[PDB]
Amino acid sequence: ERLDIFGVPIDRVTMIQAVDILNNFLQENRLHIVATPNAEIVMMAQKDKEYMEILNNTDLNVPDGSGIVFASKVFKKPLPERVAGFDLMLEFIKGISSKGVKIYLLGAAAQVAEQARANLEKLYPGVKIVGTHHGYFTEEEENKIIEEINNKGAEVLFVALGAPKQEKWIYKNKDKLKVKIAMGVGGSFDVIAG
Amino acid sequence: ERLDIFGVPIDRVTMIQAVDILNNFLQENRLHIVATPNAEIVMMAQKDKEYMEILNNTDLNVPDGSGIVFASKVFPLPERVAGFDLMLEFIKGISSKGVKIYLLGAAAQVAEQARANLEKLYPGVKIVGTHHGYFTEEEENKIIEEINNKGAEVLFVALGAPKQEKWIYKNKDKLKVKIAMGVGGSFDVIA
């Protein structure tokens, strides 16, 4: 089920299998941490012990980009396909948009997650995005942000802070966040906000 | 020819067109800066004025990943391209042409392992030198001099965005290469 790319475990999953695993996570009443490691993240983890530890403690590590798939070719069972973290997020949203799954968007500059919300509502009619908040917050602002996420009863939280900040923030707040899925999505809100 | 994605100019090119442009850059006696902007880079450039300036002064910006292509759907980029595949496809073509390549970046012996693996993958490839990326100021002088003395034409900079673009741009008048391109974690995955 998993392969090791320089200490980083990667779930041997296709896009469809990753979406199915995320849907199954919604049936388990606990926080699930999802990361999408790519070649850049593997490189970063070699120099960042804390990041390497987090990546070894997530519920699902979906491969992102081409580089990580190429690295897996050394194995008898390589990674089955090239997956983009961006496409995984959209495909997962698409499926839950008709199920009433409460989504929270946290990250990017002022009004970017609001614009992303407006655009996702047009793209996926019926999507339930319960709240949004910018990603250039201090540690002081953090507790009020987590309280709003929890008060709105969010089931899925997309964290557009960029790697490794997004994984580190989720992991540090793993016992505070009352969501079922927390997933780092990097620049995904910016490109949907157009 | 170029699309603006939140201030970042993106060359409206397919992978093959990008490879053809890079081949043509080898015929021009000047440094060409190549970046592969993705959604993450676009986001970084909104808060980093110096990075935004560099991305507006590169010779070629090839789209990387799905997010940036999705953003272009407003009016689009012809295809989803990975910067990693662009690097390999460009190496593949120049491996039989004697084009000198320098590998700079990544931890300890990763760049040298990447060199060994590229020599197996593309027989005839001319990688004249390698160096790790966690270098000091005194080491930069030695690296730049090695790059120029060995006569490298193509430089792959595996330092990660924005460090890779910033390092190339700061040293744009020191580097005697025809192409300098940031490649992120590309050496690690070839090693």
Side-chain angles (χ1 to χ4, degrees), chain A residues 5-8 10 15 36-46 63-74 79 82-91 107-110 112 116 119 123 135-136 160-164 166 184-194, chain B residues 3-8 15 36-46 63-74 80-89 105-108 110 113-114 117 121 132-134 158-161 163-164 182-191:
Chain A
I5 305 293
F6 303 100
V8 186
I10 310 297
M15 159 72 98
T36 61
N38 48 39
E40 172 86 65
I41 284 168
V42 176
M43 183 175 72
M44 282 180 165
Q46 309 309 303
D64 172 63
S66 189
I68 203 146
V69 173
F70 186 88
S72 82
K73 297 173 110 184
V74 298
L79 292 169
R82 285 163 183 82
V83 173
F86 176 81
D87 297 333
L88 172 62
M89 181 196 66
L90 286 192
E91 281 302 308
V112 173
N119 291 175
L123 284 161
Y136 294 94
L161 299 181
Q166 60 198 19
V185 300
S188 296
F189 296 177
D190 291 79
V191 290
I192 55 195
Chain B
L3 299 180
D4 184 77
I5 306 293
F6 303 98
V8 186
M15 196 182 55
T36 61
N38 49 38
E40 172 83 64
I41 283 167
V42 165
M43 178 174 83
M44 290 169 139
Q46 306 310 305
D64 173 62
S66 299
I68 203 146
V69 172
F70 187 90
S72 85
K73 297 308 174 208
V74 296
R80 288 172 305 272
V81 176
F84 175 80
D85 299 340
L86 170 64
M87 181 198 68
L88 286 192
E89 187 59 38
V110 169
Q113 184 74 342
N117 293 355
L121 284 162
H132 68 75
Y134 299 94
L159 299 181
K163 191 169 202 78
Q164 60 197 18
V183 299
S186 294
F187 298 176
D188 293 76
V189 290
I190 296 166

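Proteins come first, then strands; the chains are lettered A, B, ... in the order of their sequence lines, and each starts at number 1.
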(request) Calculate, to the nearest 0.5 Å, the distance between atoms CD and CD belonging to B:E40 and A:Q166 respectively. (result)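 Here the rounded value is 7.0 Å.
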Tell me the closest heavy-atom pair linking [X] and [Y], and the distance in Å.
{"X": "B:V189", "Y": "A:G67", "value": "CB-O, 3.1 Å"}
{"X": "A:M43", "Y": "B:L159", "value": "CE-C, 3.9 Å"}
{"X": "A:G194", "Y": "B:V74", "value": "C-CG1, 4.3 Å"}

(message) Shorter than 4.5 Å, heavy atoms on both sides: which option in B:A82, B:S66, B:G133 has the most such pairs with chain A?
(response)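 Heavy-atom pair counts peak at B:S66.
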(request) Tell me, for A:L88 versus chain B, whether the close heavy atoms (under 4.5 Å) come from the side chain, the backbone, both or neither. (result)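 Answer is neither: A:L88 stays 4.5 Å or more from chain B.
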(request) Please look at A:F70 and chain B and tell me whether the side chain, the backbone, both or neither of the residue comes under 4.5 angstrom of a heavy atom of that chain. (result)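 Both parts, backbone and side chain.
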